[PDB]
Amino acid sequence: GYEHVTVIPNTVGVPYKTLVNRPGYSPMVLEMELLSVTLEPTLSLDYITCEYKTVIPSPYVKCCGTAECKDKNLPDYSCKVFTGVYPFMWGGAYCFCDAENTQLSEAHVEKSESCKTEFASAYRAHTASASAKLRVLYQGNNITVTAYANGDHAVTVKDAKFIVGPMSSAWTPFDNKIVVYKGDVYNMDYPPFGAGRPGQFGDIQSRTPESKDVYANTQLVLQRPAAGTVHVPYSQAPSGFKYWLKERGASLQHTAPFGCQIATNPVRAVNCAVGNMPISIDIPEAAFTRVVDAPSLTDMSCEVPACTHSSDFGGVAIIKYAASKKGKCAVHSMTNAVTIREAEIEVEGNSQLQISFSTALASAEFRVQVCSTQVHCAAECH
């Protein structure tokens, strides 16, 4: 029937009061509270990174001969033949010859066994999908509405059609390029695949965690073995992933502005206090009551026995009334400086009602609308 359009700030855990005024019908008060606001960006996995493994097999010690290095199609493949080597084992010299003996040192880089368990993912973040969970005090009961904050997603709860958004701010704590490690998200302009530097994030790059082929750039250089010693000494830049793990600093959960809460699986921005949120509620005709059909309010008076000016409902007000008939009446403050806790009260006849109110003013002058009649309240808050 009647469509009520209102705008509330994008702040979670704050109840807001809205007055629905349909011409020729009794006013309606609705309490709205944002339970959660989720910003889930669309992800495109470029690659994953982890600790690398330097595979070093047994060195080929060619006694009385010269070993030869072959070009192998392996990541960071290094081969070097060392001349004039006379290696010693437990029971003396390994080679019969004193002279012409050579050692072939072999090494290559591949994915570590840890890569399936310990890894960081490089994602391309673009166009965030906004969604909201809203609590509505509708007909004396709390209703939960979960809808996309785009302004083109109608969700109907208790015959009332809800259209949330579009968001005033298109702001996201995530940049175009993001890095994800377990429960932590980082804004990082990561190097592209096949462009990773040694000792830095991306020294080893794998398109998927199950991938057989990997990119490697670790500055692996094989060194000459010690006199009479069988071993493969080498110089290599330490793990870029291991270095990043200690040098990454605080994640987006701790650094993001507007008090953003960051969650993973899927990656999302929760409760980012930025901008406002328009809310459209299509209330059906049957929910509204005509002035002839609704109770009439006369001989009204208001008294404030106790008041404290604070963030919570520190004020108490007693409103005496004379009603023509029994029925439900909406309670709303006509002054923006004062907010009333209850939205609806059951009217009887020659009885009185008690309301709870919140204000910041020491001298609170406010008007209370019970059904279609207004009553002035004078309050001295401490």
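Residue numbers here begin at 1 and follow the sequence given.
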(request) Compare the mean C-alpha B-factor of 145 to 153 with that of 185 to 193 as given in the PDB entry, and name the stretch with the higher value. (result) 145 to 153
(message) Can you tell me whether 296 to 304 has a higher mean C-alpha B factor than 263 to 271 in this record, or the other way round?
(response) 296 to 304
(message) Looking at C329, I56, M32, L39, which one carries the largest C-alpha B-factor according to the PDB entry?
(response) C329
(message) By the CA temperature factor listed in this entry, which of these ranks top: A67, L43, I340, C63?
(response) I340
(message) Per the entry's values, where does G228 land by CA temperature factor relative to the rest of its chain, in the lowest, middle or highest third?
(response) lowest
(request) Could you say whether, by C-alpha temperature factor, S310 belongs to the lowest, middle or highest third of its chain? (result) highest
(message) Quick check for you: using the entry's CA B-factors within this chain, is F201 in the lowest, middle or highest third?
(response) lowest
(request) Divide the modelled residues of the chain into thirds by Cα B-factor and specify which third, lowest, middle or highest, holds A125. (result) middle
(request) Tell me, lowest, middle or highest third: where does the Cα B factor of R290 rank within its chain? (result) highest
